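Next comes just one chain, in structure tokens: the form deposited in one PDB entry.
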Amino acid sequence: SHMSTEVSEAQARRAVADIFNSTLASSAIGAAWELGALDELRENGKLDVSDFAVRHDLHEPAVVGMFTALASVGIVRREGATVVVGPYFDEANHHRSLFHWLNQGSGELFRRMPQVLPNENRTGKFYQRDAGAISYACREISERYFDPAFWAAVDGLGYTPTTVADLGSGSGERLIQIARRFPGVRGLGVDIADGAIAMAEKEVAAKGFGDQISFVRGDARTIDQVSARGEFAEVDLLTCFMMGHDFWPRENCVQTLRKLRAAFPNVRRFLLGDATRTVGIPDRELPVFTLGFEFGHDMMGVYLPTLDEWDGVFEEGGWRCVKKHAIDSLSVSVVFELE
């Protein structure tokens, strides 16, 4: 029953108030996550705010503030010095990486909406986001949302892989997990980020797989320029998650897919997964994330293909699509099994 055009002054006051407080609740969700509060609430159902502030060595008045902000829209409920989980807790906590993405990750971009929209201002470094924050969030996003379909696609391969290349390798947590599934397999991540390489080289070393897995600086759109080219010949599983839209526009993508094909000519399966642009979802029925993903990419000047556009580009790219998975609850997100 949402969609009315006619409301009382009471309702309108209340609604504009909730929009205001949601703003704070929404920033608080990502913050509370990162400070270990959501976890503890998930684990114990309850928490004493004073004891929290002490244990974690936090300024207590703001801690009160963070919880009151979560309480203002029903994520938690306050009783005395106690915070309990609220009716909206599980849902919010579930999607906690998405709010973090929105606020801590991408907060600056959306804050400067009045400066980002005007054309004259659109060149060089016309926006900023917190790459450490994004990273921190995209890690849980990849796990909470993409893993099931990722693992499902891995199950239905028809072969044990021997050498896997992961594009947008990042933390290396995709490749690390591969090694753990397929004992003897070798890994190879590719990342534009200098910092992601060392974070990954460190990550790998720490988890047992030092001589199994290595990384390289490089960019899918010019993967043929990359000096490790010669070793791509032995790769028989390729993977690429949450960056496919940055291959776009279409012709870039076609080319990028063709290059990928030639550069990895013994790849049997290529697992590609990403969120896509939605179409025709009504303004007042938008689910979590959708609006921020699409809006932020518009504000960054970055094109987002629809599912159909992905469908329409693979044959041209030199790939056959043999299986597709829908992601649960992250806009219209998908995993394609290509060969």
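Residues carry their position along the shown sequence, with the first being 1.
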- Look up the CA B-factors in the entry and say which stretch, 166-174 or 205-213, has the higher mean. 205-213
- Query: As stated in the PDB record, which stretch has the larger average Cα B-factor, 231-239 or 72-80?
  - Reply: 231-239
- Item | Largest Cα B-factor, entry values, listed residues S97, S135, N121, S106 | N121
- Note on the structure: Per the deposited entry, the peak Cα B-factor within the set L102, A152, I192, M113 goes to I192
- Item | Third of the chain's Cα B-factor distribution that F146 belongs to, per the entry | middle
- Message: Could you place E251 in the lowest, middle or highest third of its chain by Cα temperature factor, using the values in the record?
- Response: highest
- Task: Going by the recorded CA B-factors, say which third of the chain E140 sits in, lowest, middle or highest.
- Result: middle
- Query: Ranked by Cα temperature factor within the chain, is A200 in the lowest third, the middle third or the highest third?
  - Reply: highest
- Item | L260 - which third its CA temperature factor falls in, relative to the rest of the chain | highest
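The discussion below concerns the form deposited in another entry, not included here.
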- Query: Is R139 in the same rigid part as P265 between the shown form and the other one?
  - Reply: no
